[PDB]
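**Student:** Okay, so here is structure-v4.txt, and as you'll see once you scroll down, it has compact mmCIF, N, CA and C atoms and all ligand atoms.
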# COMPACT_ATOMS: atom_id res chain seq x y z
N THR J 1 -130.07 -37.85 36.67
CA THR J 1 -130.32 -36.65 37.46
C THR J 1 -129.18 -36.42 38.45
N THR J 2 -128.15 -35.71 38.00
CA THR J 2 -126.96 -35.44 38.80
C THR J 2 -126.78 -33.93 38.94
N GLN J 3 -126.50 -33.49 40.16
CA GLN J 3 -126.27 -32.08 40.46
C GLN J 3 -124.77 -31.85 40.63
N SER J 4 -124.23 -30.90 39.86
CA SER J 4 -122.79 -30.68 39.89
C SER J 4 -122.45 -29.39 40.62
N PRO J 5 -121.33 -29.37 41.37
CA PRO J 5 -120.92 -28.13 42.05
C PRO J 5 -120.18 -27.16 41.15
N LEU J 6 -119.64 -27.61 40.02
CA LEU J 6 -119.01 -26.75 39.02
C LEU J 6 -117.80 -26.01 39.58
N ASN J 7 -116.92 -26.75 40.26
CA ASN J 7 -115.69 -26.16 40.79
C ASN J 7 -114.49 -27.09 40.63
N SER J 8 -114.56 -28.04 39.70
CA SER J 8 -113.48 -29.01 39.50
C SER J 8 -112.55 -28.58 38.37
N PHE J 9 -111.89 -27.44 38.58
CA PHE J 9 -110.93 -26.91 37.62
C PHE J 9 -109.72 -26.37 38.36
N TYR J 10 -108.52 -26.69 37.86
CA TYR J 10 -107.29 -26.31 38.53
C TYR J 10 -106.20 -26.02 37.51
N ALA J 11 -105.20 -25.26 37.96
CA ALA J 11 -104.00 -24.98 37.19
C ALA J 11 -102.84 -24.83 38.17
N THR J 12 -101.66 -25.30 37.77
CA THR J 12 -100.54 -25.43 38.69
C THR J 12 -99.26 -24.85 38.10
N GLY J 13 -98.48 -24.17 38.94
CA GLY J 13 -97.15 -23.71 38.58
C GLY J 13 -96.13 -24.09 39.64
N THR J 14 -94.90 -23.59 39.52
CA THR J 14 -93.83 -23.95 40.45
C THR J 14 -92.92 -22.75 40.66
N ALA J 15 -92.16 -22.81 41.76
CA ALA J 15 -91.18 -21.78 42.08
C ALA J 15 -90.07 -22.40 42.92
N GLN J 16 -88.92 -21.72 42.95
CA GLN J 16 -87.77 -22.24 43.68
C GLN J 16 -86.77 -21.11 43.94
N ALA J 17 -85.86 -21.37 44.88
CA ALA J 17 -84.74 -20.47 45.16
C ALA J 17 -83.66 -21.30 45.84
N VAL J 18 -82.55 -21.54 45.14
CA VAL J 18 -81.57 -22.53 45.58
C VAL J 18 -80.15 -21.96 45.62
N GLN J 19 -80.00 -20.65 45.81
CA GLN J 19 -78.66 -20.09 45.92
C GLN J 19 -78.70 -18.79 46.71
N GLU J 20 -77.56 -18.46 47.34
CA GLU J 20 -77.40 -17.25 48.12
C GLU J 20 -77.15 -16.05 47.21
N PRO J 21 -77.50 -14.84 47.65
CA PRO J 21 -77.41 -13.67 46.76
C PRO J 21 -76.01 -13.40 46.22
N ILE J 22 -74.97 -13.58 47.04
CA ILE J 22 -73.63 -13.16 46.66
C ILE J 22 -72.64 -14.30 46.89
N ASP J 23 -71.49 -14.20 46.22
CA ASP J 23 -70.36 -15.09 46.42
C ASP J 23 -69.12 -14.23 46.57
N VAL J 24 -68.22 -14.61 47.48
CA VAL J 24 -67.06 -13.80 47.83
C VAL J 24 -65.80 -14.62 47.66
N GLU J 25 -64.80 -14.05 46.99
CA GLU J 25 -63.51 -14.69 46.78
C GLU J 25 -62.40 -13.71 47.14
N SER J 26 -61.34 -14.22 47.76
CA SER J 26 -60.28 -13.39 48.33
C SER J 26 -58.98 -13.55 47.54
N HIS J 27 -58.26 -12.44 47.39
CA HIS J 27 -56.95 -12.42 46.73
C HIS J 27 -55.98 -11.53 47.49
N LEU J 28 -55.95 -11.64 48.81
CA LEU J 28 -55.04 -10.85 49.65
C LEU J 28 -53.73 -11.61 49.76
N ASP J 29 -52.78 -11.28 48.88
CA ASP J 29 -51.51 -11.99 48.77
C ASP J 29 -50.32 -11.05 48.96
N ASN J 30 -50.39 -10.17 49.94
CA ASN J 30 -49.26 -9.34 50.33
C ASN J 30 -49.12 -9.35 51.85
N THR J 31 -47.89 -9.19 52.31
CA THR J 31 -47.56 -9.31 53.73
C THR J 31 -47.06 -7.98 54.27
N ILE J 32 -47.62 -7.56 55.40
CA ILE J 32 -47.12 -6.40 56.12
C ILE J 32 -45.87 -6.83 56.87
N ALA J 33 -44.70 -6.45 56.36
CA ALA J 33 -43.42 -6.90 56.90
C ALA J 33 -42.52 -5.70 57.16
N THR K 1 -149.77 -18.31 13.87
CA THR K 1 -149.50 -18.87 15.19
C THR K 1 -150.79 -18.93 15.99
N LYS K 2 -151.10 -20.10 16.55
CA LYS K 2 -152.38 -20.33 17.19
C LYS K 2 -152.33 -20.31 18.71
N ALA K 3 -151.27 -20.85 19.32
CA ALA K 3 -151.22 -20.91 20.78
C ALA K 3 -149.77 -20.91 21.24
N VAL K 4 -149.58 -20.50 22.50
CA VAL K 4 -148.29 -20.55 23.17
C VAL K 4 -148.49 -21.30 24.48
N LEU K 5 -147.69 -22.34 24.70
CA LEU K 5 -147.78 -23.15 25.91
C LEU K 5 -146.55 -22.94 26.77
N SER K 6 -146.74 -23.04 28.08
CA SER K 6 -145.65 -22.84 29.04
C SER K 6 -145.89 -23.73 30.24
N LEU K 7 -144.87 -23.81 31.10
CA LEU K 7 -144.96 -24.63 32.30
C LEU K 7 -145.92 -24.05 33.34
N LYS K 8 -146.20 -22.75 33.27
CA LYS K 8 -147.13 -22.12 34.20
C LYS K 8 -148.56 -22.13 33.68
N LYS K 9 -148.75 -22.06 32.36
CA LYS K 9 -150.07 -22.12 31.73
C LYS K 9 -150.01 -23.20 30.66
N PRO K 10 -150.23 -24.46 31.02
CA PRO K 10 -149.97 -25.57 30.09
C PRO K 10 -151.05 -25.79 29.04
N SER K 11 -152.24 -25.21 29.18
CA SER K 11 -153.37 -25.54 28.33
C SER K 11 -153.77 -24.34 27.46
N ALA K 12 -154.29 -24.65 26.28
CA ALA K 12 -154.77 -23.63 25.35
C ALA K 12 -155.85 -24.24 24.46
N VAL K 13 -156.66 -23.37 23.87
CA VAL K 13 -157.74 -23.77 22.98
C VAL K 13 -157.55 -23.06 21.64
N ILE K 14 -157.60 -23.83 20.55
CA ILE K 14 -157.38 -23.32 19.21
C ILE K 14 -158.56 -23.68 18.32
N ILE K 15 -158.65 -22.98 17.19
CA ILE K 15 -159.73 -23.16 16.22
C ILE K 15 -159.11 -23.42 14.85
N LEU K 16 -159.59 -24.46 14.17
CA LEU K 16 -159.21 -24.76 12.80
C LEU K 16 -160.43 -24.63 11.91
N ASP K 17 -160.30 -23.89 10.82
CA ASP K 17 -161.43 -23.59 9.94
C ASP K 17 -161.13 -23.90 8.48
N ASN K 18 -162.01 -23.44 7.59
CA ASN K 18 -161.90 -23.76 6.17
C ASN K 18 -160.56 -23.32 5.58
N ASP K 19 -160.00 -22.21 6.07
CA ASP K 19 -158.74 -21.73 5.52
C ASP K 19 -157.57 -22.64 5.88
N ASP K 20 -157.61 -23.26 7.06
CA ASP K 20 -156.49 -24.09 7.50
C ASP K 20 -156.43 -25.40 6.71
N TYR K 21 -157.58 -25.97 6.39
CA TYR K 21 -157.64 -27.29 5.76
C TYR K 21 -157.19 -27.24 4.30
N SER K 22 -155.90 -27.02 4.08
CA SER K 22 -155.34 -27.10 2.74
C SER K 22 -155.20 -28.56 2.32
N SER K 23 -155.21 -28.78 1.01
CA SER K 23 -155.35 -30.10 0.40
C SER K 23 -156.64 -30.80 0.81
N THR K 24 -157.53 -30.08 1.51
CA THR K 24 -158.87 -30.50 1.89
C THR K 24 -158.88 -31.65 2.89
N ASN K 25 -157.70 -32.14 3.30
CA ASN K 25 -157.66 -33.35 4.11
C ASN K 25 -156.71 -33.33 5.30
N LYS K 26 -155.84 -32.34 5.45
CA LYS K 26 -154.85 -32.43 6.52
C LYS K 26 -154.42 -31.06 7.02
N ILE K 27 -153.97 -31.04 8.27
CA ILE K 27 -153.39 -29.88 8.94
C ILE K 27 -151.94 -30.19 9.29
N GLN K 28 -151.06 -29.21 9.07
CA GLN K 28 -149.65 -29.32 9.44
C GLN K 28 -149.33 -28.24 10.46
N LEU K 29 -148.78 -28.65 11.60
CA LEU K 29 -148.43 -27.75 12.70
C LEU K 29 -147.04 -28.10 13.21
N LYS K 30 -146.10 -27.18 13.05
CA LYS K 30 -144.78 -27.34 13.66
C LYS K 30 -144.73 -26.71 15.05
N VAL K 31 -143.75 -27.15 15.83
CA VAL K 31 -143.59 -26.77 17.23
C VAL K 31 -142.33 -25.92 17.36
N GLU K 32 -142.44 -24.81 18.08
CA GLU K 32 -141.29 -23.95 18.32
C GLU K 32 -141.05 -23.85 19.81
N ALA K 33 -139.80 -24.03 20.23
CA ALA K 33 -139.44 -24.13 21.64
C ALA K 33 -138.45 -23.04 22.03
N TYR K 34 -138.69 -22.45 23.20
CA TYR K 34 -137.75 -21.55 23.86
C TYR K 34 -137.53 -22.06 25.28
N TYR K 35 -136.29 -22.03 25.75
CA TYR K 35 -135.97 -22.72 26.99
C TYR K 35 -134.76 -22.09 27.66
N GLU K 36 -134.63 -22.37 28.96
CA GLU K 36 -133.42 -22.12 29.73
C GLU K 36 -133.25 -23.26 30.71
N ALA K 37 -132.09 -23.91 30.67
CA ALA K 37 -131.84 -25.09 31.49
C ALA K 37 -131.39 -24.69 32.89
N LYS K 38 -131.64 -25.57 33.85
CA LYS K 38 -131.20 -25.35 35.22
C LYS K 38 -129.68 -25.41 35.32
N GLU K 39 -129.14 -24.71 36.31
CA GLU K 39 -127.70 -24.60 36.48
C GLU K 39 -127.14 -25.89 37.07
N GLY K 40 -126.20 -26.51 36.37
CA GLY K 40 -125.49 -27.66 36.90
C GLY K 40 -126.28 -28.95 36.93
N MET K 41 -127.32 -29.09 36.11
CA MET K 41 -128.14 -30.29 36.08
C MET K 41 -127.83 -31.07 34.81
N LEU K 42 -127.52 -32.36 34.97
CA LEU K 42 -127.19 -33.24 33.86
C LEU K 42 -128.18 -34.40 33.82
N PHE K 43 -128.63 -34.74 32.61
CA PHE K 43 -129.63 -35.78 32.43
C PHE K 43 -129.65 -36.20 30.97
N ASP K 44 -130.38 -37.27 30.70
CA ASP K 44 -130.55 -37.76 29.33
C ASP K 44 -131.81 -38.60 29.27
N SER K 45 -132.34 -38.75 28.05
CA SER K 45 -133.52 -39.57 27.78
C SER K 45 -134.73 -39.10 28.60
N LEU K 46 -135.10 -37.84 28.41
CA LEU K 46 -136.25 -37.26 29.09
C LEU K 46 -137.33 -36.93 28.07
N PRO K 47 -138.52 -37.51 28.17
CA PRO K 47 -139.56 -37.28 27.16
C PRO K 47 -140.43 -36.07 27.46
N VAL K 48 -140.95 -35.49 26.38
CA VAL K 48 -141.92 -34.40 26.43
C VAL K 48 -143.18 -34.87 25.72
N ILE K 49 -144.32 -34.73 26.40
CA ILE K 49 -145.58 -35.32 25.95
C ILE K 49 -146.62 -34.22 25.77
N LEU K 50 -147.35 -34.28 24.67
CA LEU K 50 -148.47 -33.39 24.40
C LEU K 50 -149.73 -34.22 24.18
N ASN K 51 -150.88 -33.68 24.59
CA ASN K 51 -152.15 -34.38 24.51
C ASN K 51 -153.17 -33.53 23.75
N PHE K 52 -154.07 -34.20 23.04
CA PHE K 52 -155.12 -33.55 22.26
C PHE K 52 -156.48 -34.07 22.68
N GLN K 53 -157.46 -33.17 22.75
CA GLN K 53 -158.83 -33.54 23.07
C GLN K 53 -159.78 -32.70 22.22
N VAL K 54 -160.81 -33.36 21.68
CA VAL K 54 -161.80 -32.72 20.82
C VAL K 54 -162.95 -32.23 21.68
N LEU K 55 -163.30 -30.95 21.53
CA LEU K 55 -164.41 -30.36 22.27
C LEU K 55 -165.68 -30.24 21.45
N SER K 56 -165.57 -29.93 20.16
CA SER K 56 -166.73 -29.79 19.30
C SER K 56 -166.29 -29.88 17.85
N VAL K 57 -167.11 -30.52 17.02
CA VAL K 57 -166.85 -30.64 15.59
C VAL K 57 -168.14 -30.35 14.84
N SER K 58 -168.01 -29.77 13.66
CA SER K 58 -169.16 -29.45 12.82
C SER K 58 -168.80 -29.50 11.34
CA CA J 101 -73.01 -19.68 46.93
CA CA J 102 -171.58 -31.26 16.76
For the structure just supplied, provide its representation as structure tokens.
Ligand SMILES: [Ca+2]
Ligand SMILES: [Ca+2]

**Tutor:**
Amino acid sequence: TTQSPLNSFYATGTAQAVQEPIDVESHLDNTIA
Amino acid sequence: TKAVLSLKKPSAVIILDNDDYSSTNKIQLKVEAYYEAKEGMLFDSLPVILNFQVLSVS
């Protein structure tokens, strides 16, 4: 004679974010002379 | 069908006569059950008992 609560069910996922939106690189190779 | 038994009205009275006594010596009666179980209740090895009593014979 056991009474159960009937709520022992689960499901699991994951998420992440490990980088910045943009990357910037420079090529200014001229001199104001 | 001779009687219907339930948990609210457990008792009934039936009559067996010349037509029922086939093979002149025996009566055959099967049992039919309708039920709804309680929510979230678990159990095993539970007996169901029926009783017979004679009121008059001729
Ligand atoms: Ca970066
Ligand atoms: Ca008698």

**Student:** Between atom C of residue K:58 and atom N of residue K:31, what distance in Å does the model show, to one decimal?

**Tutor:**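 Distance reported for this atom pair: 25.6 Å.
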
**Student:** In Å to one decimal, how far is atom N of residue K:41 from atom C of residue J:6?

**Tutor:**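 Computing it gives 10.6 Å between the two atoms.
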
**Student:** Which residues of chain K have any atom within 10 Å of an atom in ligand CA 102 (chain J) when counting only C-alpha atoms and all ligand atoms, and what is the closest pair of atoms for each, with the distance in Å to one decimal? Order the rows by chain and rising number and write it as JSON lines.

**Tutor:**
{"residue": "K:55", "atom": "CA", "partner": "J:CA102", "partner_atom": "CA", "distance": 9.1}
{"residue": "K:56", "atom": "CA", "partner": "J:CA102", "partner_atom": "CA", "distance": 5.7}
{"residue": "K:57", "atom": "CA", "partner": "J:CA102", "partner_atom": "CA", "distance": 4.9}
{"residue": "K:58", "atom": "CA", "partner": "J:CA102", "partner_atom": "CA", "distance": 5.0}

**Student:** Within 6.5 Å of chain K, which residues belong to chain J? Use only N, CA and C atoms and report them as an NGL selection string.

**Tutor:** :J and (1-5)

**Student:** Go through the chains and note each residue within 6 Å of ligand CA 101 (chain J), using only C-alpha atoms and all ligand atoms, then give the set as an MDAnalysis selection string.

**Tutor:** chainID J and resid 19:20 23

**Student:** Atom CA of residue K:16 to atom N of residue K:32: how many Å, to one decimal?

**Tutor:**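 We find that atom CA of residue K:16 and atom N of residue K:32 lie 17.6 Å from each other.
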